[PDB]
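Below is work15.txt, holding compact mmCIF, C-alpha atoms.
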# COMPACT_ATOMS: atom_id res chain seq x y z
CA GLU Y 56 0.00 0.00 0.00
CA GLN Y 57 2.70 2.52 0.96
CA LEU Y 58 4.93 1.88 -2.07
CA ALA Y 59 1.92 1.94 -4.41
CA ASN Y 60 0.50 5.15 -2.91
CA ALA Y 61 3.89 6.88 -2.79
CA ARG Y 62 3.25 8.00 -6.37
CA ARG Y 63 -0.06 9.54 -5.28
CA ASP Y 64 1.70 11.15 -2.31
CA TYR Y 65 4.32 12.72 -4.59
CA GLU Y 66 1.60 13.94 -6.95
CA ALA Y 67 -0.25 15.45 -3.98
CA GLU Y 68 2.97 17.15 -2.84
CA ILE Y 69 3.40 18.66 -6.31
CA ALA Y 70 -0.24 19.77 -6.26
CA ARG Y 71 0.20 21.36 -2.82
CA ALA Y 72 3.29 23.21 -4.06
CA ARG Y 73 1.30 24.47 -7.05
CA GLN Y 74 -1.60 25.55 -4.80
CA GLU Y 75 0.76 27.43 -2.47
CA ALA Y 76 2.48 29.11 -5.43
CA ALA Y 77 -0.66 31.19 -6.08
CA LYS Y 78 -1.85 31.52 -2.47
CA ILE Y 79 1.45 33.23 -1.62
CA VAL Y 80 0.72 35.84 -4.30
CA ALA Y 81 -2.94 36.25 -3.31
CA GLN Y 82 -2.34 36.77 0.42
CA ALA Y 83 0.49 39.21 -0.29
CA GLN Y 84 -1.76 41.14 -2.69
CA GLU Y 85 -4.49 41.37 -0.04
CA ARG Y 86 -1.94 42.66 2.48
CA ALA Y 87 -0.69 45.10 -0.17
CA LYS Y 88 -4.20 46.48 -0.65
CA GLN Y 89 -4.75 46.82 3.10
CA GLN Y 90 -1.43 48.56 3.76
CA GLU Y 91 -1.79 50.89 0.77
CA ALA Y 92 -5.31 51.87 1.84
CA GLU Y 93 -4.17 52.53 5.41
CA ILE Y 94 -1.19 54.65 4.32
CA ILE Y 95 -3.27 56.59 1.79
CA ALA Y 96 -6.02 57.33 4.32
CA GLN Y 97 -3.54 58.42 7.00
CA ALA Y 98 -1.69 60.70 4.58
CA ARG Y 99 -4.96 62.16 3.25
CA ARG Y 100 -6.06 63.02 6.79
CA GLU Y 101 -2.62 64.56 7.26
CA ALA Y 102 -3.13 66.56 4.04
CA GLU Y 103 -6.47 67.92 5.27
CA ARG Y 104 -4.94 68.87 8.63
CA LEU Y 105 -2.00 70.49 6.82
CA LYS Y 106 -4.38 72.49 4.62
CA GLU Y 107 -6.19 73.82 7.70
CA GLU Y 108 -2.92 74.59 9.49
CA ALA Y 109 -1.57 76.31 6.37
CA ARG Y 110 -4.70 78.46 6.14
CA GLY A 5 17.82 -62.75 14.38
CA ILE A 6 16.72 -60.23 11.75
CA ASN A 7 14.13 -60.43 8.97
CA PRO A 8 15.66 -59.67 5.55
CA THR A 9 12.28 -58.59 4.17
CA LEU A 10 11.53 -56.29 7.11
CA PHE A 11 14.62 -54.19 6.40
CA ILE A 12 13.69 -53.82 2.72
CA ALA A 13 10.09 -52.93 3.59
CA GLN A 14 11.23 -50.28 6.08
CA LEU A 15 13.84 -48.86 3.69
CA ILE A 16 11.48 -48.56 0.70
CA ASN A 17 8.76 -46.88 2.76
CA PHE A 18 11.27 -44.52 4.38
CA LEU A 19 12.72 -43.57 0.99
CA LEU A 20 9.24 -42.93 -0.41
CA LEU A 21 8.34 -40.79 2.61
CA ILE A 22 11.59 -38.82 2.31
CA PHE A 23 10.97 -38.27 -1.40
CA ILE A 24 7.45 -37.01 -0.65
CA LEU A 25 8.80 -34.75 2.10
CA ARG A 26 11.38 -33.29 -0.29
CA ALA A 27 8.50 -32.34 -2.57
CA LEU A 28 6.56 -31.38 0.57
CA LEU A 29 9.61 -29.43 1.74
CA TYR A 30 9.06 -27.02 -1.16
CA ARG A 31 5.76 -26.18 0.55
CA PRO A 32 7.46 -25.41 3.88
CA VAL A 33 10.17 -23.69 1.84
CA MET A 34 7.54 -21.46 0.21
CA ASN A 35 5.95 -20.72 3.59
CA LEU A 36 9.32 -19.69 5.03
CA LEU A 37 9.99 -17.69 1.85
CA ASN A 38 6.76 -15.73 2.34
CA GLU A 39 7.53 -15.18 6.03
CA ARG A 40 11.00 -13.85 5.18
CA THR A 41 9.75 -11.88 2.16
CA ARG A 42 7.39 -9.90 4.38
CA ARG A 43 10.40 -8.50 6.25
CA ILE A 44 12.45 -8.29 3.03
CA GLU A 45 9.82 -6.04 1.43
CA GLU A 46 9.40 -4.06 4.65
CA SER A 47 13.15 -3.35 4.99
CA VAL A 48 13.08 -1.43 1.69
CA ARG A 49 9.52 -0.07 1.86
CA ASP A 50 9.90 1.65 5.25
CA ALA A 51 13.04 3.55 4.25
CA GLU A 52 11.67 4.37 0.79
CA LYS A 53 8.41 5.71 2.24
CA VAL A 54 10.27 7.75 4.87
CA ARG A 55 12.56 9.31 2.26
Entire entry expressed as structure tokens:
Amino acid sequence: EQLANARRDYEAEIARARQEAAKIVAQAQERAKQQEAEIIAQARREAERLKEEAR
Amino acid sequence: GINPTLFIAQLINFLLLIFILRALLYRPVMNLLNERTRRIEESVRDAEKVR
């Protein structure tokens, strides 16, 4: 059983590597969107405060 | 003192039984071969599966 299913285990390992190859990109893209939104919002609030202070 | 025919009768029957057992020994030989082949296959399969 183990020797016969070792081929299936190797195929499943390759499939898991392939699945992780895209999940790594997707999670990083989600974090990118979150961080960019946070930075943009903070700097826009800073810009509004700077406009008032400059007035 | 000793029966000449008794010795021949014992010898022929013993030779026939030994000849049958030699053929029958291939059956015990195959049983022992299966018993040893279980461990023979395991000795390679365990390491191969671990690697």
Contacts of chain Y with chain A up to 12 Å, shortest pair per row, only C-alpha atoms, as a tab-separated table:
residue	atom	partner	partner_atom	distance
Y:56	CA	A:49	CA	9.7
Y:57	CA	A:53	CA	6.7
Y:58	CA	A:49	CA	6.3
Y:59	CA	A:53	CA	10.0
Y:60	CA	A:53	CA	9.5
Y:61	CA	A:53	CA	6.9
Y:62	CA	A:53	CA	10.3
Y:63	CA	A:53	CA	12.0
Y:64	CA	A:53	CA	9.8
Y:65	CA	A:53	CA	10.6
Between atom CA of residue 42 of chain A and atom CA of residue 28 of chain A - distance in Å to one decimal
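It comes out at 21.8 Å.
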Mind working out the centre and edge lengths of an axis-aligned box for segment 60-65 of chain Y, all listed atoms inside, 3 Å added to each side, rounded to one decimal in Å and written as lines of an AutoDock Vina configuration file?
center_x = 2.1
center_y = 8.9
center_z = -4.3
size_x = 10.4
size_y = 13.6
size_z = 10.1
Report the distance between atom CA of residue 25 of chain A and atom CA of residue 44 of chain A in Å, rounded to one decimal place.
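According to the coordinates, atom CA of residue 25 of chain A and atom CA of residue 44 of chain A are separated by 26.7 Å.
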